[PDB]
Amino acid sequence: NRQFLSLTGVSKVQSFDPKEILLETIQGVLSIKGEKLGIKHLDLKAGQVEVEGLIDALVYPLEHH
């Protein structure tokens, strides 16, 4: 059930481990939680990030949850 998620407009990877990825973007922080997560690609110049893994939840902007 592995999924690949790609997003632009990302300004920074705040933190990453296989259970959670925190990304900083336009309206705040995006939280991706799950298991076996991994950063597949990152290009801050282009504001591009690619993530893969077993996704349980996606929350954005994290400050409103």
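All residue numbers are counted from 1 along the displayed sequence.
- Ranked within its chain, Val13 lands in the middle third, by CA B factor from the PDB record.
- In the deposited entry, the Cα temperature factor of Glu50 sits in the middle third of values across the chain's modelled residues.
- For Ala57, the recorded CA B-factor ranks within the lowest third of the chain. Only modelled residues enter the ranking.
- Sort the chain's modelled residues by C-alpha temperature factor and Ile21 lands in the middle third, per the entry.
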